[PDB]
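Encoded as structure tokens, the following chain is the form deposited in one PDB entry, with no partner shown.
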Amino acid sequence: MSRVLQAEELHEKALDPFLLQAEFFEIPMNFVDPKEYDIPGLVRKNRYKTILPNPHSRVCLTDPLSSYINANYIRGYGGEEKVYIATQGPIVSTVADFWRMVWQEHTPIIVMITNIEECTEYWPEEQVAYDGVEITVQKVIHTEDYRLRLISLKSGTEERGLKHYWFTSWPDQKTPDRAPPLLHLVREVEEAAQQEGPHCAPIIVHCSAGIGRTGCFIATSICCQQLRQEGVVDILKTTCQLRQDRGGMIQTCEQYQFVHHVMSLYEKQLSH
């Protein structure tokens, strides 16, 4: 499943919703059959009983229930392993598991994708601790597109930095005029990620279920690298690769079209 798009075809493709829905609904969701998991009490760890992590790519935490989190490693451009972790928005019973993941994985960046005009609560006012991890919001930076929290993680003698991006402009209508802020976020996060240097440090992305908006953000990030390196984008193949890693990535046709609007916008920016 591949449809390589040149500049001119990308601009027209983004504006053809009939072709987009034809292509998008041909892509298998690759959801996990719940029988795959036979763990009593697992449904307490899942925000949706049918949105489960594919086993081959699931993030295993350091008792089968205590090692479980609804989260998957996602490959990046070129198939690079563990560039991202896509995860559900933490629930009350998983907030501690979430921060254990952040520390265990050495995650330097969290990206939370919400709409302020209308996904969870787990970051502290000043300080809170979970399973031996002290979170400290040290600074807050408000922009038009997102709020950036600079966070200090302290678990014993060791201290780590963390950047939490709270995107607030996820649109109800996925029209081209709502694309620039997503593209800005993607570009800011990949520059911040490059400042971490050579290090296997997955970027955590989430909202509610960890597949829809999360898949748009990761697919856009991947295709931006593809456009810069190859001069083309293959959103179909990228979406296929994402679904291999986590079932359901990019849930709706309007989300799929939105990636096309964002990439069409970016290609114009790169030509000018």
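One-based numbering along the sequence shown.
The form solved in complex with a small molecule exists for this protein as well; it is not shown, and the discussion that follows is about that form.
Looking at the small molecule in the entry with it bound, residues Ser66, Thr94 and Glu134 place no heavy atom within 4.5 Å of it.
Scanning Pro176, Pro171, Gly161, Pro124 against the small molecule in the entry with it bound with a 4.5 Å heavy atom cut-off leaves one residue, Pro171. Stretch-level contact check against the small molecule in the entry with it bound with heavy atoms at 4.5 Å: of 126-134, 148-156, 98-106, 162-170, the positive one is 162-170.
The small molecule in the entry with it bound is not approached by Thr143, whose heavy atoms all lie more than 4.5 angstroms from it. At a distance threshold of 4.5 angstroms between non-hydrogen atoms, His206 is out of contact with the small molecule in the entry with it bound. By the criterion of a heavy atom within 4.5 Å, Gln255 is counted among the residues contacting the small molecule in the entry with it bound. Using a 4.5 Å cutoff between non-hydrogen atoms, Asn115 counts as a contact of the small molecule in the entry with it bound.
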